[PDB]
Structures are given as C-alpha cells and as structure tokens.
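As structure tokens, the structure follows; a few thoughts come after it.
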2 protein chains.
Amino acid sequence: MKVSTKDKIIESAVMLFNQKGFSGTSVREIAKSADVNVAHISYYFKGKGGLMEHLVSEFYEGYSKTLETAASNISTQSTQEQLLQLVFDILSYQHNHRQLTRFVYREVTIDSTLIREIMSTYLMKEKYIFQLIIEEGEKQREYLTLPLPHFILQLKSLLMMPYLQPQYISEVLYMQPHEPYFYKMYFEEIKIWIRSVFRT
Amino acid sequence: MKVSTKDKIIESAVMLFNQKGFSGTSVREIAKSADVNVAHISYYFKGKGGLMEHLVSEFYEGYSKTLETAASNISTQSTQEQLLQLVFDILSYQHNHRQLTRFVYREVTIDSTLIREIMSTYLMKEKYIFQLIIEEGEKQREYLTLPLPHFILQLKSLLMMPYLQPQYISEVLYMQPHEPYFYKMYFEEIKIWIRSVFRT
C-alpha cells in the first residue's frame, strides 16, 4: 500500500546518485526529494557512504539470486538452454533496476572495504556457478569453444553495454544509433552469440 | 620545459574528475590543486561544463587520430594485421590517457548538446573506417564471420573492460582477480579473438 519512509529514501537516493554522481548529491537533497527529515537518513543508513553500500549490496544480492536459481536447474534441461535462461534473467533484472544498474556499473568512486568485499563475494559465486553449469554441460557433448574466464569476460562485457554505450546495440538491431533499448531484443543477439561458442 | 597555466588546469581537472565525479568537484578545488587563481579557469574554459567538454573533445579526437591513421594504411598490408595494428593503437592510447579514458567511459552525467555532437561525429567516423578496412579485406579472401555492427560492438565492449571491471581481464590471464592491467598482455587475448572471427 503505502511506501515506507526507508523505501522513500532509497528510491530517492537511486534517482539522484544516477543523475548526478555519488559525490554529486547530498543527504540534504536526498531528504528533500524524499520529503523526509535529514535525521531519517542518518538513522537508517549512517550517511551517504552507508546509503551507497546499501544500494550496492542490494544490487549484487539481487544479481546473485538469479545466479543461484540457475544453479537450481542444472537438472531441468540442456546446459545451453540453461545458460540462455540465466542470461535472460540478468538482462531482465538489469532493466527492472535500470537506474540502479547504471549507477553501480558507472559510479566513478566506489571502493570502500565493505564494497570491495561485497564485490569479491559475488565474483566468487558467479565464477563457481558458471563452472557447475559448464561442468554438467560436459556430461553431454555440449562443450564451450572458449576457456571459461574468456567466456565470462565476453558475456559480462556484453551484458554491461546497455548501461554504457547503448548506441552500438541500437546499430546492430537497426543500423540506426538512437533507438530505445529493448532487452528482449538484445537477448536474441546474445543467444546467437552463445550458440556460436558451443560445439556438439 | 615548463607547464603552461592552461595545461596545469587541465591536468588537475582530469585527476579530480576521475577521483570524485564531475558534479563532485568544483572550480575552486581544481584551481587550488593547480595552484592558479580561479579566474584562469573561467577565462580559458567558461566553467566546469566547458572544462569537461574540452576534456571529452580531446579524448575522442585523440581516439579518432588512431582511426584515421589506420585508414592511411589500407594499402600497406593484410586487413587482419591492419586491424590488429589499430586495436593495439587504441589499447595503447587508452592506457596512455588512462585517467582521462576512465572518466570519459564512466562519467554518470555527460550529455550536453556539444558532447552529444562530439560523440556522433566520432561514431560516424569510427563506423566508416571499419567498413573501409573490412571492404578491402574482401578484395582478398579474408572475411568477417560476423556482421560489421556485431563485430564493432564486441570489440568496443572488450576495449572498455579495463576501465570498468578489470578483474575479469586479470582472471583470463592469471586465474587470479587482482593483478595489474598490462594492455600489451590484453592485446594478445583480443588478437586471438579477432583471429577467430576471420575465415579464409
């Protein structure tokens, strides 16, 4: 029904952290845009850094939920249709949090013990799930034509492009540079790519 | 010999725009770090936005110089060793301006008529040079196994990774996440990639 004061603060911090930078916005502007007293921010978050760490911690835990539920489907089906489901889920998760996603990938500062540690956690988990998926892929004659870290780097870099230089994506779907990003359309393009690096 | 006052200002703006954001730093902090009066900044650059546009205009014109001198070698040799030279030049240019490069690719704001127009220029030039290189590539039985916008998107996204999530690059060279970025090492990895999307 009604949005909690803590949620109002978060919603507002995402929107301004994404517009100006982290160092660009202040607790005061965040409060005024959330129509709450400044005291609420310090009470729930300690301050700007702590508000950032909450936003970054939230993003990566939502991201690794998609990873974990791909681990919980290693049975269901073939490992390439497995992988396509996980790519689809990330493209969708990225878009559903697009303001948060853009900020997390671009924010110029970041680095903050806690954040260096949130990131390390997600990367070890991401690495591990992709071996599992690729391992049971070899309990069937579906094999990567790439080492695993090579595959992950090209995947991760393609997944980030919508939030950095989307125009190149517009160009491959339209030979035009300024069409809006539709992630379901992009998925088709990544799928073709994924298919081209499996051999039977 | 001695660094010009205008250069002192630029050097300082690059270093702080890269540390905090654009909206994070002020003309006052830029002046103090350059040991020049604030008046010099307004005189040469109008202000923070105008200083940014100078830094972004400089980055892309240095980038398209590497593109233009690859156009001026369509004669010299084979189009894949052509392409490898251009990739090498960009990796090197990116690193030689690494503080500038990181800021240009990550800065959360940007967009400013002028900048929307600097970007459009470079992208049309980049697109055009890559057709030339790939066209004379077909006056010899060296062909892309990818459409041209697909090739450019994957190349451009691999070229940007050192300034966004370098750890994935460390992992492919070392199976370790925190080694320093050596662009000459990365070039070898992109070269293998480039080779895998040409057919004879």
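Chain labels A, B, ... are given in the sequence in which chains occur in the structure tokens; within each chain residues are numbered consecutively from 1, and ligands are likewise numbered from 1 in the order shown.
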For chain A against chain B, with a cut-off of 10 Å and counting only C-alpha atoms, what is the closest atom pair and its distance in Å to one decimal for every residue that makes the cut, ordered by chain and number, as CSV?
```
residue,atom,partner,partner_atom,distance
A:17,CA,B:108,CA,8.7
A:18,CA,B:108,CA,6.8
A:19,CA,B:109,CA,6.3
A:20,CA,B:109,CA,5.9
A:21,CA,B:21,CA,5.9
A:22,CA,B:21,CA,7.5
A:23,CA,B:24,CA,4.6
A:24,CA,B:24,CA,4.4
A:25,CA,B:24,CA,8.0
A:102,CA,B:108,CA,8.3
A:103,CA,B:108,CA,7.3
A:105,CA,B:164,CA,7.2
A:106,CA,B:106,CA,4.8
A:107,CA,B:108,CA,6.6
A:108,CA,B:21,CA,6.1
A:109,CA,B:20,CA,5.9
A:110,CA,B:20,CA,9.6
A:120,CA,B:177,CA,9.0
A:123,CA,B:177,CA,9.1
A:124,CA,B:177,CA,9.7
A:146,CA,B:193,CA,9.9
A:147,CA,B:172,CA,8.4
A:148,CA,B:172,CA,8.4
A:149,CA,B:172,CA,5.1
A:150,CA,B:172,CA,5.9
A:151,CA,B:172,CA,9.3
A:152,CA,B:168,CA,7.6
A:153,CA,B:168,CA,5.6
A:154,CA,B:158,CA,7.0
A:155,CA,B:154,CA,9.7
A:156,CA,B:168,CA,8.5
A:157,CA,B:157,CA,5.8
A:158,CA,B:157,CA,6.5
A:159,CA,B:157,CA,9.5
A:160,CA,B:157,CA,8.4
A:161,CA,B:157,CA,6.6
A:163,CA,B:106,CA,9.8
A:164,CA,B:105,CA,7.2
A:165,CA,B:105,CA,8.6
A:166,CA,B:153,CA,9.5
A:167,CA,B:153,CA,9.2
A:168,CA,B:153,CA,5.6
A:169,CA,B:153,CA,7.0
A:170,CA,B:149,CA,9.4
A:171,CA,B:149,CA,6.3
A:172,CA,B:149,CA,5.1
A:173,CA,B:149,CA,8.8
A:174,CA,B:149,CA,9.7
A:175,CA,B:149,CA,7.7
A:177,CA,B:120,CA,9.0
A:189,CA,B:150,CA,8.9
A:193,CA,B:150,CA,9.7
```
Put those residues in a file: C-alpha atoms, as an mmCIF file, in the first residue's frame.
```cif
data_model
loop_
_atom_site.group_PDB
_atom_site.id
_atom_site.type_symbol
_atom_site.label_atom_id
_atom_site.label_comp_id
_atom_site.auth_asym_id
_atom_site.auth_seq_id
_atom_site.Cartn_x
_atom_site.Cartn_y
_atom_site.Cartn_z
ATOM 1 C CA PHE A 17 23.007 9.030 -7.424
ATOM 2 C CA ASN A 18 22.156 8.051 -11.009
ATOM 3 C CA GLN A 19 21.583 11.640 -12.212
ATOM 4 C CA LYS A 20 24.498 13.443 -10.617
ATOM 5 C CA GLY A 21 27.213 11.252 -9.124
ATOM 6 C CA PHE A 22 27.596 9.881 -5.630
ATOM 7 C CA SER A 23 29.893 12.760 -4.660
ATOM 8 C CA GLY A 24 27.469 14.990 -6.560
ATOM 9 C CA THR A 25 24.418 14.596 -4.330
ATOM 10 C CA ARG A 102 23.594 2.111 -14.458
ATOM 11 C CA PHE A 103 24.797 3.716 -11.234
ATOM 12 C CA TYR A 105 28.390 -0.051 -13.240
ATOM 13 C CA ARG A 106 29.427 3.561 -13.829
ATOM 14 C CA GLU A 107 29.923 5.211 -10.426
ATOM 15 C CA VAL A 108 33.394 6.729 -10.577
ATOM 16 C CA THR A 109 34.269 6.433 -6.874
ATOM 17 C CA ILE A 110 33.069 3.177 -5.204
ATOM 18 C CA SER A 120 34.609 -10.271 -4.103
ATOM 19 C CA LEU A 123 32.511 -12.709 -8.223
ATOM 20 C CA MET A 124 33.494 -15.952 -6.476
ATOM 21 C CA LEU A 146 36.368 -20.944 -25.185
ATOM 22 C CA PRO A 147 38.047 -21.219 -21.803
ATOM 23 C CA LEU A 148 35.628 -20.358 -19.015
ATOM 24 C CA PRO A 149 37.169 -16.994 -17.966
ATOM 25 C CA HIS A 150 37.220 -15.947 -21.610
ATOM 26 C CA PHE A 151 33.525 -16.798 -21.959
ATOM 27 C CA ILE A 152 32.622 -14.948 -18.761
ATOM 28 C CA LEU A 153 34.557 -11.807 -19.734
ATOM 29 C CA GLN A 154 32.842 -11.526 -23.132
ATOM 30 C CA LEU A 155 29.448 -12.270 -21.596
ATOM 31 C CA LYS A 156 29.867 -9.809 -18.744
ATOM 32 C CA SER A 157 31.080 -7.130 -21.143
ATOM 33 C CA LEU A 158 28.112 -7.662 -23.474
ATOM 34 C CA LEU A 159 25.690 -7.586 -20.518
ATOM 35 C CA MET A 160 27.067 -4.182 -19.390
ATOM 36 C CA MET A 161 26.917 -2.390 -22.788
ATOM 37 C CA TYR A 163 24.332 0.928 -19.469
ATOM 38 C CA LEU A 164 27.482 2.379 -21.067
ATOM 39 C CA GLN A 165 27.253 2.786 -24.863
ATOM 40 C CA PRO A 166 23.771 1.571 -25.845
ATOM 41 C CA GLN A 167 24.095 3.094 -29.315
ATOM 42 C CA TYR A 168 26.260 0.200 -30.565
ATOM 43 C CA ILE A 169 23.371 -2.098 -29.575
ATOM 44 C CA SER A 170 20.879 0.060 -31.485
ATOM 45 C CA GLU A 171 23.163 -0.185 -34.525
ATOM 46 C CA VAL A 172 23.206 -3.972 -34.543
ATOM 47 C CA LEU A 173 19.420 -4.249 -34.348
ATOM 48 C CA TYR A 174 18.609 -1.343 -36.709
ATOM 49 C CA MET A 175 21.718 0.105 -38.433
ATOM 50 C CA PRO A 177 22.137 4.714 -33.474
ATOM 51 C CA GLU A 189 21.521 -11.232 -30.254
ATOM 52 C CA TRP A 193 26.500 -15.392 -29.818
#
```
Practice problem: Step one, run DSSP on the backbone; step two, keep only residues of chain B assigned to alpha helix (DSSP H); then write them as a PyMOL selection string. | Solution: chain B and resi 5-19+27-34+38-45+48-71+79-96+98-106+114-137+148-160+167-174+183-196
Exercise. Can you pull out every residue within 10 Å of residue B:11, counting only C-alpha atoms, but drop anything in the same chain fewer than 3 positions away, and send it as a list in words?
Key: residues 3, 5, 6, 7, 8, 14, 15, 16, 30, 33, 34, 55, 99 and 100 of chain B
Practice problem: Find the distance between atom CA of residue A:86 and atom CA of residue A:69 and write it in Å to one decimal. | Solution: 8.5 Å
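Shell of residue A:199 at 8 Å, with only C-alpha atoms counted and residues fewer than 5 places along the chain excluded, is residues 141, 142, 143, 144 and 145 of chain A.
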Exercise. Please provide as number ranges by chain all residues within 12 Å of residue A:188, with the sequence filter that same-chain residues fewer than 4 positions apart are discarded (counting only C-alpha atoms).
Key: A: 84-85, 87-88, 91, 169, 172-173, 182-184, 192-195
For the residues in the current selection, export N, CA, C and O atoms as a compact mmCIF listing (two decimals), in the first residue's frame.
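Saved to again26.txt:
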```
# COMPACT_ATOMS: atom_id res chain seq x y z
N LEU A 84 21.00 -19.91 -21.55
CA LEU A 84 20.15 -18.87 -22.11
C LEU A 84 19.12 -18.37 -21.11
O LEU A 84 18.76 -17.18 -21.14
N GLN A 85 18.66 -19.23 -20.21
CA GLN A 85 17.69 -18.76 -19.23
C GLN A 85 18.35 -17.78 -18.27
O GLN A 85 17.76 -16.75 -17.92
N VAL A 87 21.12 -15.85 -18.80
CA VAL A 87 21.33 -14.59 -19.49
C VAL A 87 20.04 -13.79 -19.54
O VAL A 87 20.01 -12.58 -19.24
N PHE A 88 18.93 -14.44 -19.90
CA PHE A 88 17.66 -13.73 -19.96
C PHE A 88 17.31 -13.12 -18.61
O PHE A 88 16.83 -11.97 -18.53
N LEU A 91 19.50 -9.99 -18.02
CA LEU A 91 19.08 -8.85 -18.83
C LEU A 91 17.82 -8.24 -18.25
O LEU A 91 17.73 -7.02 -18.07
N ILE A 169 24.41 -1.07 -29.57
CA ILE A 169 23.37 -2.10 -29.58
C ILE A 169 22.25 -1.71 -30.53
O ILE A 169 21.74 -2.55 -31.28
N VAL A 172 23.22 -2.60 -34.03
CA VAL A 172 23.21 -3.97 -34.54
C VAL A 172 21.78 -4.43 -34.79
O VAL A 172 21.53 -5.27 -35.67
N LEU A 173 20.80 -3.88 -34.07
CA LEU A 173 19.42 -4.25 -34.35
C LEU A 173 18.81 -3.45 -35.50
O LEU A 173 17.87 -3.93 -36.13
N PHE A 182 15.60 -2.29 -26.05
CA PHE A 182 14.67 -3.33 -25.61
C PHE A 182 15.51 -4.55 -25.30
O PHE A 182 16.15 -5.11 -26.20
N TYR A 183 15.55 -4.94 -24.03
CA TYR A 183 16.42 -6.04 -23.63
C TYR A 183 15.97 -7.37 -24.22
O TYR A 183 16.82 -8.24 -24.46
N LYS A 184 14.68 -7.57 -24.47
CA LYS A 184 14.28 -8.84 -25.08
C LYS A 184 14.87 -8.94 -26.48
O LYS A 184 15.30 -10.02 -26.90
N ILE A 192 22.32 -15.84 -30.18
CA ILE A 192 23.11 -16.23 -31.35
C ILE A 192 24.58 -16.35 -30.97
O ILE A 192 25.24 -17.34 -31.29
N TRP A 193 25.11 -15.34 -30.27
CA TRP A 193 26.50 -15.39 -29.82
C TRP A 193 26.78 -16.65 -29.01
O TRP A 193 27.71 -17.41 -29.31
N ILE A 194 25.99 -16.87 -27.95
CA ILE A 194 26.16 -18.05 -27.11
C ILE A 194 26.16 -19.33 -27.95
O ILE A 194 26.97 -20.24 -27.73
N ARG A 195 25.25 -19.42 -28.92
CA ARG A 195 25.19 -20.60 -29.78
C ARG A 195 26.50 -20.80 -30.53
O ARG A 195 26.96 -21.94 -30.71
```
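Minimum distance to residue A:198 across A:28, A:81, A:116, A:75 (counting only C-alpha atoms) occurs at A:81.
With only C-alpha atoms as the atoms that count, the minimum distance from residue A:133 to the choices A:26, A:57, A:76, A:37 is reached by A:76.
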